[PDB]
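**Q** Once you've had a glance at the structure underneath, I'll fire off some questions.
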Amino acid sequence: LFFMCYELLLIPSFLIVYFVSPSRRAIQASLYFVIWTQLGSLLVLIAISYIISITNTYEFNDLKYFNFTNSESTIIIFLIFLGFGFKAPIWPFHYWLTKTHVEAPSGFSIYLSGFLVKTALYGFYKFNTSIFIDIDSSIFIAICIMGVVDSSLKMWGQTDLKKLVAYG
Amino acid sequence: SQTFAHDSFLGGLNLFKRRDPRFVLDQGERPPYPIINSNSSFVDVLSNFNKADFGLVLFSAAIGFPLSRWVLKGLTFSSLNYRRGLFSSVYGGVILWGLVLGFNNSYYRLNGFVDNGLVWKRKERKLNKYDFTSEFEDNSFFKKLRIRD
Amino acid sequence: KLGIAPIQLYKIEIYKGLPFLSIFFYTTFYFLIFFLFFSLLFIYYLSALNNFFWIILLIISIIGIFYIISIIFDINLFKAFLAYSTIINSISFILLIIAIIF
Amino acid sequence: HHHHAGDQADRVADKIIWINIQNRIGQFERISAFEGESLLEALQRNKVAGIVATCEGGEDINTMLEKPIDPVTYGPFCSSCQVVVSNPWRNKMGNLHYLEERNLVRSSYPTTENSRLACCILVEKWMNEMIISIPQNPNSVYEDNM
Amino acid sequence: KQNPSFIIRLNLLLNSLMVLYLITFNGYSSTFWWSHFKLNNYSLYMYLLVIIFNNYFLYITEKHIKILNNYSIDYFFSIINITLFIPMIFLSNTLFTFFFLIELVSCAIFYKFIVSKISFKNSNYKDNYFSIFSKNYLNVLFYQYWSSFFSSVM
Amino acid sequence: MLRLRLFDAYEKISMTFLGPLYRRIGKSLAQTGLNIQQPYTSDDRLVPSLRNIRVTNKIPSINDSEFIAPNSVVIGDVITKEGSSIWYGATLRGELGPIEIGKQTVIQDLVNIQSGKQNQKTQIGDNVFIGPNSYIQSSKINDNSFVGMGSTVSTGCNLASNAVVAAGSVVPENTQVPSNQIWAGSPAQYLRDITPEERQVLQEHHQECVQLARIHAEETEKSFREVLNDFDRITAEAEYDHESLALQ
Amino acid sequence: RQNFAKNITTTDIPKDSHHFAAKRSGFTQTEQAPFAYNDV
Amino acid sequence: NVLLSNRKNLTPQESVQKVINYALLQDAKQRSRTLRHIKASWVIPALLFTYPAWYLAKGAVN
Amino acid sequence: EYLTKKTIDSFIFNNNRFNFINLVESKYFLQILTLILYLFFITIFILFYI
Amino acid sequence: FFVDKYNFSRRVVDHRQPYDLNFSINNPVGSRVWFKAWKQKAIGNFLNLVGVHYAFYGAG
Amino acid sequence: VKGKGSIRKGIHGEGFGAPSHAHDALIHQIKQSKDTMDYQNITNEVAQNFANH
Amino acid sequence: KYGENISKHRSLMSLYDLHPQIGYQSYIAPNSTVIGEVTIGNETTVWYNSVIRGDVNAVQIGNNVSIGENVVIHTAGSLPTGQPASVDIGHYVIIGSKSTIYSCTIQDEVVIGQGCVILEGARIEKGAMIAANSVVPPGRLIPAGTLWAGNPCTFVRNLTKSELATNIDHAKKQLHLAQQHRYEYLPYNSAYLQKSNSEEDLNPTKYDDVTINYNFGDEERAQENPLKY
Amino acid sequence: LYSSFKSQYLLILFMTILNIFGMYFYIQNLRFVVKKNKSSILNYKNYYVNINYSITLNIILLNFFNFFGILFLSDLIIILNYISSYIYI
Amino acid sequence: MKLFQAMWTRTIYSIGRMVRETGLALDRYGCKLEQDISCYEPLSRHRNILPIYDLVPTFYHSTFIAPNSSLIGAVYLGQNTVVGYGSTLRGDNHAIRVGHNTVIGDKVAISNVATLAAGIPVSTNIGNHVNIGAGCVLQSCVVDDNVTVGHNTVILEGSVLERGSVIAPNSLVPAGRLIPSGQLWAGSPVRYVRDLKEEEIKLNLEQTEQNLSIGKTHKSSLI
Ligand SMILES: CCCCCCCCCCCCCCCCCC(=O)OC[C@H](COP(=O)(O)OCCN)OC(=O)CCCCCCCCCCCCCCCCC
Ligand code: FES
């Protein structure tokens with residue numbers, strides 16, 4: 001139900017961007033939003049199917065009584081990190097966010113930055129905390145820091161204020 | 001549960017009473033009723049005809065009229081002769097289907113797949129290990145369609 | 001016979017020349033009967049030959065994907081869109097068959 | 001436009017752009033069009049034969065008729081509105097858009113170096129008394145007969 | 001100009017009757033006609049599934065046909081034959097009988113493709129006294145024919 | 001044959017037993033359902049025909065007209081000659097004053113003809129054309145006159161033969177419009193003299209209007225049974241094929 | 001566009017009418033008709 | 001009825017002011033009546049169909 | 001922009017550069033024959049030398 | 001019979017009837033006129049189709 | 001015109017096509033001259049047919 | 001020839017081979033009349049006592065348009081410039097009462113006042129407004145987004161983007177009034193129940209062969225417009 | 001889920017590639033739906049558009065089961081597994 | 001508490017509508033079963049009086065309303081008030097009030113605008129002894145007593161005509177304009193004309209009385 005509730009959030013967002021935005025460029029921006037967010041959701045879905053099939057259970061508690069090997073743990077952590085970083089925009093995947101903020105209506109932009117991206121932080125946290133991972137987090141830390149550096153270095157050359165807020 | 005009496009006009013209704021949703025039994029599974037003629041021929045089934053198969057034919061004759069009318073409601077650019085001929089054709093087809101159903105009922109009674117008025121000397125004991133339908137049927141109309149819930 | 005991804009091109013012309021009701025009926029006939037029997041060949045009817053089947057299917061699947069990941073993006077006809085939808089779903093179901101026979 | 005208070009309305013006759021056409025049957029036609037319109041719309045309003053126009057001009061948001069062509073446009077969709085433009089006007093038209101050229105060279109009927117898609121033309125002042133030829137365009141799908 | 005609605009209705013009725021024959025079915029799991037056909041639960045369930053889906057599609061077609069009649073009686077007769085013969089493809093027991101049933105159904109599908117409407121009454125009055133070539137009918141027939149040939153020989 | 005005998009028996013029962021019973025029940029239900037929602041509803045009525053209305057001793061004589069629209073209103077002393085046309089939504093009030101319409105005269109859609117004074121006659125000659133949304137009061141219009149759409153002809157107006165009043169023009173009271181002169185403007189002033197191709201254009205305009213009136217009169221006088229036949233024929237033509245048209 | 005009513009019933013709108021007097025007399029043959037309400 | 005009442009004893013300004021005020025009052029009354037009718041049109045469906053919808057949702061979910 | 005979207009876009013465009021939008025009969029027959037022959041070749045190559 | 005402006009005896013017969021109506025072949029099967037029509041029809045079909053009638057009926 | 005689609009009848013002429021449609025010269029010759037051809041006139045269509053052949 | 005008790009007027013009349021077409025949610029007042037080749041879009045209102053003739057040429061009318069009460073719309077037959085003489089009306093077009101329309105083209109979002117005369121060959125461009133009592137001379141072009149007035153129409157000024165939005169909003173507001181008018185009507189006409197029985201109604205002079213009924217498969221058709229025959 | 005249960009990660013990867021490419025192939029047409037005005041794509045009969053009620057009701061049912069079919073998917077899975085259990089027995 | 005009455009009224013109206021529709025459908029089915037085509041009669045659906053849900057036209061017995069006319073919605077008519085042939089009064093948006101001894105011509109169309117500014121009535125108000133000529137168009141206007149309007153005149157929203165004023169035929173009163181008492185105005189951009197005299201006012205009153213008498217005679221003849 002956790003994964004299903006995370007997945008349920010896409011259709012209203014796409015509908016709002018498609019039917020309520022006044023700008024003409026918002027038609028393609030909604031498609032970009034959908035395609036990136038759904039690629040991330042597909043990665044998360046692969047990880048969830050892995051966990052469900054290996055451990056025939058749906059409770060966070062039962063994971064305390066099952067151990068994942070090194071290979072499965074590495075696969076799961078990579079999949080969940082990349083999938084939730086598609087929505088909570090990590091460095092190489094923020095083109096959709098920039099386009100969607102530039103073209104979307106102001107209220108939905110407030111909702112998207114203020115709350116929607118946070119939905120990726122929560123779920124990741126849960127799946128990060130329920131599994132024992134024996135990998136070095138240096139690669140993920142480097143990806144996040146590259147995101148910070150790349151976003152903050154691009155703020156000077158912005159004339160549109162909404163794009164500047166998106167980069168922040 | 002109780003089934004309709006055979007060799008009576010309502011015997012064909014036993015075709016709608018089943019014990020399990022299976023189409024057919026297993027290769028070595030015993031039929032629910034004693035066998036009269038396992039390797040029956042065409043005239044063996046015809047000789048086994050009685051009031052139940054005739055009741056099936058009569059029901060087909062009764063229900064064929066509204067069905068033929070409903071089919072006939074789709075005609076355009078037609079004359080009286082063609083309309084009457086098409087109605088006759090559809091009605092005769094329904095009669096043929098009723099005859100086919102009666103033949104199948106007689107064959108089933110010969111084989112022992114449906115109630116033929118005989119009971120096995122030894123009952124095949126079955127333990128109702130999995131039960132999702134007994135109380136639901138007992139609180140419903142579906143108790144009529146099930147045999148030995 | 002099924003016009004699957006390696007040989008999917010003629011199905012586009014067939015769909016182009018057909019009315020919508022014909023495509024309706026052809027799609028139901030194709031998925032319900034033709035593709036189901038094609039699946040049951042490897043699953044049920046000829047399972048004893050799976051040790052020879054799988055690799056072949058695998059190769060075809062790969063080829064099909066790499067044959068259509070770009071061709072489906074230079075079409076401009078409604079019938080072609082419908083036919084390619086059917087083709088993509090057929091490839092996905094073939095991959096599912098490969099998973100099943102393992 | 002440019003008007004002052006109390007002025008009278010201009011005449012539609014003085015605003016007509018004339019198109020001279022050679023038919024598929026070798027006969028001559030004269031067609032009235034207006035600026036800011038596509039050639040396809042004028043041809044279809046005047047009921048000119050030889051054009052099929054399967055896609056009916058394309059999409060409605062990022063079109064080929066906008067003076068700067070938007071990069072994420074999809075271009076023409078059927079390539080069944082072809083016309084042949086005479087030398088001076090065709091030379092003034094300029095080089096083809098890459099998508100329009102791709103659709104033109106991919107048609108089932110033979111084309112020329114002066115071939116040009118009608119829905120990709122925006123009627124201008126300098127197109128007055130322009131000479132074009134319309135040989136018959138190909139059919140594509142089943143619904144073209146309907 | 002006959003409206004084929006009643007024909008479709010007839011199909012539905014007969015198809016529905018076939019459903020009845022399955023609902024009251026009884027027998028053993030075995031083979032019949034010289035071990036050329038199989039009678040077991042899975043085959044009969046596939047038969048029932050294809051029947052009911054065909055019936056649903058036919059019902060929606062019957063609803064649609066009254067908006068605009070662009071189809072002939074032979075079209076729905078071909079549909080009748082296809083819906084009569086495909087579940088017997090489900091009931092096959094050898095590759096021989098499956099092959100023969102598949103050619104029967106392929107011929108029925110070719111018959112359906114043949115009887116497609118070619119010319120229409122429209123509002124295009126510019127095409128009189130000129131020859132317009134469509135070529136869609138020929139392509140459909142040609143490709144179906146040769147694909148059937150290749151599949152059958154292999 | 002028992003199947004045909006059963007088929008024949010059912011039709012008689014449906015026609016003689018089920019049909020009347022359903023009709024009675026439906027009529028009773030419709031009657032009782034209309035009373036429930038009163039006075040917040042209305043029912044369909046029988047719209048009266050205002051083609052021939054007689055007041056006191058004013059009997060219209062319009063039997064010679066080639067076309068009278070069923071929507072038109074003609075009251076009082078209205079006399080029309082042969083080949084006359086009165087189009088949709090036109091009002092003619094000869095109760096306020098006698099109205100004379102000459103041969104081949106066309107009065108277009110939504111035209112009012114009524115004298116402002118109680119004892120004034122409105123006379124319109126032969127081959128006259130009066131366009132839609134026109135107002136005419138106590139006028140003397142001579143033969144072969146043309147009056148454009150949305151035009152007003154006042155209580156003292158005398159138009160000579162072959163006089164043209166442009167569309168959207170109000171001819172002031174007590175105005176004589178001479179022959180072969182085009183007048184235009186919100187107050188009508190002498191604009192121009194007619195040119196022979198303009199006369200020809202007006203002539204074919206009048207002729208096509210007369211022939212249109214003939215076609216409309218043919219169309220609008222069909223009975224109930226012909227209208228149902230036309231509806232069925234239009235549906236069938238929508239359902240026909242190329243072979244059917246060739247066979248016809 | 002706004003579609004609410006402005007003639008409210010809860011209270012009367014505070015206004016005066018001495019400002020913007022209408023002409024109502026002494027008209028010429030070329031000037032326009034005077035305005036109606038004029039309340040501020 | 002102010003409109004049907006004789007107002008020839010007043011000046012034209014007084015007559016038009018009286019007519020305007022009467023029209024405004026009647027307009028307000030009509031607006032109130034229409035608004036309450038539309039309010040009833042809103043209220044009835046809630047009472048009629050809220051429970052069946054909740055029953056449908058509850059039977060679907062739990 | 002480029003390395004994430006336009007790489008795939010240009011790959012698809014350049015691949016479609018070598019595609020006939022309209023099927024011709026000779027191409028259809030040649031495709032069938034090539035599929036048969038070289039599926040057989042690749043399977044026998046895997047069987048023998050791999 | 002008008003009841004509150006509604007006529008309960010309203011009746012307009014349909015002019016659209018089959019040409020096939022009142023034909024001899026539409027009389028009940030077994031009638032003399034029906035037998036006459038059937039005799040005329042059967043002879044006409046045999047004359048056009050002699051071999052077909054022979055084959056089908058004789059074989060049956 | 002009855003039984004003629006959208007074809008309209010004008011003054012002095014029945015009309016041969018829908019309004020705003022191009023008049024065909026070959027059909028005009030067919031209607032006016034049933035079978036009379038004084039000479040084999042080489043129009044643009046005839047020359048185009050020759051070039052195509 | 002005349003003197004019938006009950007009017008024979010039909011709102012929608014089809015001259016042979018020229019049949020009108022009406023889109024969904026479109027209300028033609030039963031008092032109004034539409035003859036010939038007239039095509040009308042979706043959510044279009046034609047108010048009471050209006051005449052629309054598409055006899056000598058076709059008439060095409062867009063979606064969200066309003067036509068006033070005493071409006072006559074008809075075509076000419078030919079134009080001096082050789083352009084088509086059909087009437088073309090855009091998508092959000094307001095035509096006021098007592099207006100005449102004759103063989104012209106009017107683009108989207110155009111307002112025509114009450115009492116106007118639009119003559120043959122006129123071209124009114126998108127966003128234009130014509131005041132109440134005005135006549136557009138034949139073969140005249142009205143520039144887009146401009147306001148015109150006078151019997152010979154003369155230029156007044158350009159229209160700001162606020163005026164055009166107000167006109168579009170006014171066009172959009174006509175839908176629900178027409179919807180209420182439609183809701184006042186039931187799909188089944190009961191006017192036939194108030195007539196007596198005539199000799200011809202019970203005994204036809206001649207009979208016709210059965211064919212397809214004009215309402216074949218009507219039970220499966222949604223009764224979207226109650227005014228349908 | 002079944003592929004992961006059968007331990008086929010390569011099949012999962014190829015299905016993922018196919019799924020994402022097909023998803024863009026499908027959602028690309030949502031951009032083409034934008035139109036300047038209403039399309040007017042309905043057939044006319046008796047001078048008025050012909051709107052079918054039976055096909056409308058069929059679409060209503062299909063829309064219900066498209067929107068909320070995930071709630072009742074368990075019963076369909078039960079029935080399909082019951083049918084599939086007969087394959088070997 | 002009145003909301004309960006409104007709810008009950010709406011429920012009763014809906015049940016009555018259901019019953020009427022079911023009865024008409026049964027009668028049509030009886031048609032078909034009887035081979036009857038009377039219910040296929042394409043008679044005119046025009047209604048002389050068309051009431052919107054709670055807006056019902058209200059008038060005295062002394063009013064003449066032509067069978068060609070159409071009063072729709074809230075239309076209130078005073079005594080001895082005549083509506084001509086083909087006139088339309090649409091008060092679906094807002095009411096239309098007409099005084100007594102008032103004559104409305106044949107092609108007069110009266111309607112109202114959606115919204116107006118504060119202090120401006122949005123309905124249409126017509127006083128007593130008022131003559132409106134044929135072909136007039138009126139929208140959301142106030143007309144005082146003893147006012148004559150000539151034929152083919154257009155009066156727009158927010159216009160006020162004071163008592164005793166005369167509007168010449170073929171004129172337009174611009175929106176939100178006052179026309180003072182005892183004056184004659186003419187033109188499309190309506191312009192001032194000399195003040196009225198006693199003889200002109202007497203003639204106008206006599207003409208209005210004669211028109212009312214003729215309308216009453218026509219009504220008596222119609223019945
Ligand atoms: C007021 C209340 C009073 C009290 C209650 C009174 C109730 C009286 C009425 C109910 C009882 C009537 C008699 C029984 C119902 C009629 C028969 C019927 O519906 O049968 C369903 C059918 C039976 O098949 P089954 O029994 O499995 O056959 C095998 C051997 N017998 O089953 C099947 O066909 C099996 C399932 C087929 C496959 C289904 C799953 C796959 C498809 C799912 C999606 C479908 C989408 C649409 C497809 C097209 C069909 C529309
Ligand atoms: S009309 Fe399709 S490309 Fe121009």
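For the structure tokens, the naming scheme is as follows: chains receive sequential letters (A, B, ...) according to their order of presentation, residues are indexed from 1 within each chain, and ligands are indexed from 1 in presentation order.
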Please identify which residues in region 70-207 of chain L DSSP calls strand (DSSP E or B) from the backbone, and express them as number ranges by chain.
**A** L: 72-74, 87-89, 94-95, 100-102, 105-106, 111-112, 117-118, 123-124, 129-136, 140-142, 146-152, 154-158
**Q** Could you list, as a PyMOL selection string, all protein and nucleic acid residues with an atom at most 9 Å from ligand 2, counting only C-alpha atoms and all ligand atoms?
**A** chain D and resi 40+51-58+75-82+100+103-104+117-120
**Q** Around ligand 1, which protein and nucleic acid residues have at least one atom no more than 6 Å from it, if we count only C-alpha atoms and all ligand atoms? List them as a list in words.
**A** residues 21, 22, 23 and 141 of chain B; 23, 24, 49, 52, 53 and 56 of chain E; 76 of chain M
**Q** Please produce a file of those selected residues containing N, CA and C atoms, as a PDB file, in the first residue's frame.
**A**
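Result went into again.pdb, see below:
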ATOM      1  N   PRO B  21     -17.465 -26.920  -9.921  1.00  0.00           N
ATOM      2  CA  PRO B  21     -17.433 -26.174 -11.184  1.00  0.00           C
ATOM      3  C   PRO B  21     -16.692 -26.873 -12.313  1.00  0.00           C
ATOM      4  N   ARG B  22     -16.333 -28.143 -12.153  1.00  0.00           N
ATOM      5  CA  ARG B  22     -15.579 -28.849 -13.178  1.00  0.00           C
ATOM      6  C   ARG B  22     -16.444 -29.118 -14.403  1.00  0.00           C
ATOM      7  N   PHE B  23     -15.833 -29.001 -15.583  1.00  0.00           N
ATOM      8  CA  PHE B  23     -16.505 -29.415 -16.809  1.00  0.00           C
ATOM      9  C   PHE B  23     -16.700 -30.925 -16.838  1.00  0.00           C
ATOM     10  N   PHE B 141     -30.261 -18.094  -2.547  1.00  0.00           N
ATOM     11  CA  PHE B 141     -30.912 -18.934  -3.545  1.00  0.00           C
ATOM     12  C   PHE B 141     -29.985 -20.015  -4.085  1.00  0.00           C
TER      13      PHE B 141
ATOM     14  N   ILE E  23     -22.358 -24.906 -20.227  1.00  0.00           N
ATOM     15  CA  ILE E  23     -22.706 -24.777 -18.814  1.00  0.00           C
ATOM     16  C   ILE E  23     -23.244 -26.096 -18.275  1.00  0.00           C
ATOM     17  N   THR E  24     -24.010 -26.816 -19.091  1.00  0.00           N
ATOM     18  CA  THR E  24     -24.582 -28.094 -18.703  1.00  0.00           C
ATOM     19  C   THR E  24     -23.732 -29.276 -19.157  1.00  0.00           C
ATOM     20  N   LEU E  49     -14.132 -19.167 -22.772  1.00  0.00           N
ATOM     21  CA  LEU E  49     -13.613 -17.804 -22.727  1.00  0.00           C
ATOM     22  C   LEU E  49     -13.688 -17.140 -24.097  1.00  0.00           C
ATOM     23  N   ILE E  52     -17.367 -16.300 -24.952  1.00  0.00           N
ATOM     24  CA  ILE E  52     -17.983 -15.172 -24.257  1.00  0.00           C
ATOM     25  C   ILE E  52     -17.388 -13.852 -24.738  1.00  0.00           C
ATOM     26  N   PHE E  53     -16.079 -13.824 -25.011  1.00  0.00           N
ATOM     27  CA  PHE E  53     -15.495 -12.595 -25.539  1.00  0.00           C
ATOM     28  C   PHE E  53     -16.032 -12.276 -26.931  1.00  0.00           C
ATOM     29  N   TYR E  56     -19.466 -10.744 -26.488  1.00  0.00           N
ATOM     30  CA  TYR E  56     -19.412  -9.344 -26.070  1.00  0.00           C
ATOM     31  C   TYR E  56     -19.072  -8.429 -27.245  1.00  0.00           C
TER      32      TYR E  56
ATOM     33  N   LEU M  76     -10.363 -11.712 -10.089  1.00  0.00           N
ATOM     34  CA  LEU M  76      -9.929 -12.135 -11.414  1.00  0.00           C
ATOM     35  C   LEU M  76      -8.700 -13.028 -11.327  1.00  0.00           C
TER      36      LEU M  76
END
**Q** Tell me, which residues of chain K carry DSSP alpha helix (DSSP H), written as a VMD selection string?
**A** chain K and resid 25 to 32 44 to 52
**Q** Please report as a VMD selection string which residues of chain N come no farther than 8 Å from chain J, using only C-alpha atoms.
**A** chain N and resid 35 to 38
**Q** Return as a ChimeraX atom specification the residues belonging to chain N that are within 12 Å of chain G, counting only C-alpha atoms.
**A** /N:113-122,141-142,157-162,172-195
**Q** Enumerate as a list in words the residues belonging to chain E that approach chain F to within 7 Å, with only C-alpha atoms taken into account.
**A**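 On the chain E side, the interface is residues 1, 69 and 121 of chain E.
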**Q** Please identify all polymer residues within 10 Å of residue 7 (chain H), counting only C-alpha atoms, omitting same-chain residues fewer than 5 positions from it, and present them as a list in words.
**A**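 My list of contacting residues is residues 2, 12, 14, 15, 16, 18 and 19 of chain H; 127, 128, 144, 145 and 163 of chain N.
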**Q** Compute the set of chain B residues within 8 Å of chain F, using only C-alpha atoms, and express it as a list in words.
**A**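 So the contacting residues turn out to be residues 84, 88 and 91 of chain B.
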**Q** Restricted to C-alpha atoms, what would the selected residues look like written as a short mmCIF file (atom, residue, chain, number, x, y, z; two decimals), in the first residue's frame?
**A**
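Everything below was put into result05.cif:
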data_model
loop_
_atom_site.label_atom_id
_atom_site.label_comp_id
_atom_site.auth_asym_id
_atom_site.auth_seq_id
_atom_site.Cartn_x
_atom_site.Cartn_y
_atom_site.Cartn_z
CA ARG B 84 -42.35 -15.09 -42.12
CA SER B 88 -39.80 -19.89 -39.20
CA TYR B 91 -37.88 -20.89 -34.55
#
**Q** What is the CA of residue 112 (chain F)-CA of residue 136 (chain F) distance in Å, reported with one decimal?
**A**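 For CA of residue 112 (chain F) relative to CA of residue 136 (chain F), the distance reads 6.1 Å.
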**Q** Taking only C-alpha atoms into account, which residues of chain L are within 12 Å of chain E, as an mmCIF file with N, CA, C and O atoms, in the first residue's frame?
**A**
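Result written to selection.cif:
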data_model
loop_
_atom_site.group_PDB
_atom_site.id
_atom_site.type_symbol
_atom_site.label_atom_id
_atom_site.label_comp_id
_atom_site.auth_asym_id
_atom_site.auth_seq_id
_atom_site.Cartn_x
_atom_site.Cartn_y
_atom_site.Cartn_z
ATOM 1 N N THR L 211 -40.219 0.444 -45.807
ATOM 2 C CA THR L 211 -38.795 0.699 -45.962
ATOM 3 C C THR L 211 -38.211 0.874 -44.565
ATOM 4 O O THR L 211 -38.845 0.535 -43.561
ATOM 5 N N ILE L 212 -36.991 1.400 -44.488
ATOM 6 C CA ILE L 212 -36.405 1.690 -43.186
ATOM 7 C C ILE L 212 -37.119 2.888 -42.574
ATOM 8 O O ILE L 212 -37.348 3.906 -43.240
ATOM 9 N N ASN L 213 -37.506 2.759 -41.308
ATOM 10 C CA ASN L 213 -38.119 3.872 -40.603
ATOM 11 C C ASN L 213 -37.094 4.972 -40.355
ATOM 12 O O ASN L 213 -35.899 4.714 -40.193
ATOM 13 N N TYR L 214 -37.575 6.217 -40.331
ATOM 14 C CA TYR L 214 -36.684 7.345 -40.094
ATOM 15 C C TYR L 214 -36.103 7.337 -38.686
ATOM 16 O O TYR L 214 -35.077 7.984 -38.450
ATOM 17 N N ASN L 215 -36.725 6.622 -37.756
ATOM 18 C CA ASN L 215 -36.246 6.503 -36.386
ATOM 19 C C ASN L 215 -35.868 5.061 -36.068
ATOM 20 O O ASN L 215 -36.168 4.542 -34.991
ATOM 21 N N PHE L 216 -35.208 4.393 -37.010
ATOM 22 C CA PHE L 216 -34.768 3.024 -36.786
ATOM 23 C C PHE L 216 -33.661 2.996 -35.739
ATOM 24 O O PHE L 216 -32.689 3.752 -35.829
ATOM 25 N N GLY L 217 -33.804 2.118 -34.754
ATOM 26 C CA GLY L 217 -32.861 2.071 -33.650
ATOM 27 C C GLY L 217 -32.888 3.306 -32.775
ATOM 28 O O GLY L 217 -31.839 3.732 -32.277
ATOM 29 N N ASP L 218 -34.070 3.894 -32.575
ATOM 30 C CA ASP L 218 -34.179 5.126 -31.803
ATOM 31 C C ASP L 218 -34.059 4.884 -30.305
ATOM 32 O O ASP L 218 -33.626 5.781 -29.573
ATOM 33 N N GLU L 219 -34.444 3.698 -29.829
ATOM 34 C CA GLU L 219 -34.374 3.420 -28.399
ATOM 35 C C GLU L 219 -32.938 3.422 -27.893
ATOM 36 O O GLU L 219 -32.696 3.732 -26.722
ATOM 37 N N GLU L 220 -31.979 3.084 -28.751
ATOM 38 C CA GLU L 220 -30.571 3.102 -28.391
ATOM 39 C C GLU L 220 -29.931 4.466 -28.590
ATOM 40 O O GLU L 220 -28.754 4.637 -28.257
ATOM 41 N N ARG L 221 -30.669 5.435 -29.118
ATOM 42 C CA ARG L 221 -30.140 6.770 -29.351
ATOM 43 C C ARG L 221 -30.471 7.667 -28.168
ATOM 44 O O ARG L 221 -31.618 7.707 -27.714
ATOM 45 N N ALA L 222 -29.464 8.378 -27.671
ATOM 46 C CA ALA L 222 -29.679 9.302 -26.570
ATOM 47 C C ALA L 222 -30.561 10.462 -27.014
ATOM 48 O O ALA L 222 -30.364 11.039 -28.086
#
**Q** Would you write out, as CSV, a table of all residues in chain K that have an atom no more than 7 Å from an atom of chain L, listing for each the closest atom pair and the distance in Å to one decimal, considering only C-alpha atoms and ordering rows by chain and rising residue number?
**A**
residue,atom,partner,partner_atom,distance
K:2,CA,L:16,CA,6.0
K:3,CA,L:17,CA,6.8
K:5,CA,L:17,CA,5.4
K:6,CA,L:18,CA,7.0
K:20,CA,L:84,CA,5.9
**Q** Write the residues you've just listed into a file as a short mmCIF file (atom, residue, chain, number, x, y, z; two decimals), in the first residue's frame, and include C-alpha atoms for each of them.
**A**
data_model
loop_
_atom_site.label_atom_id
_atom_site.label_comp_id
_atom_site.auth_asym_id
_atom_site.auth_seq_id
_atom_site.Cartn_x
_atom_site.Cartn_y
_atom_site.Cartn_z
CA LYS K 2 -33.88 17.87 -57.67
CA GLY K 3 -31.73 14.75 -57.66
CA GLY K 5 -26.83 17.08 -54.96
CA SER K 6 -25.56 20.61 -54.37
CA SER K 20 -17.15 27.28 -56.57
#
**Q** So which one's closest to chain F, M:70, M:1, M:83, M:43? Using only C-alpha atoms, please.
**A**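 When distances to chain F are compared using only C-alpha atoms, the smallest one comes from M:43.
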**Q** Quick one: pull the distance between CA of residue 49 (chain M) and CA of residue 78 (chain C), Å, one decimal.
**A**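 Separating CA of residue 49 (chain M) from CA of residue 78 (chain C) is a distance of 24.1 Å.
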**Q** List the neighbours of residue 53 (chain B) out to 9 Å using only C-alpha atoms; skip same-chain residues closer than 4 positions along the sequence, and give me the result as a list in words.
**A** residues 7, 8, 9, 11, 12, 49, 57, 58, 98, 99, 101, 102, 103, 104, 105 and 106 of chain B
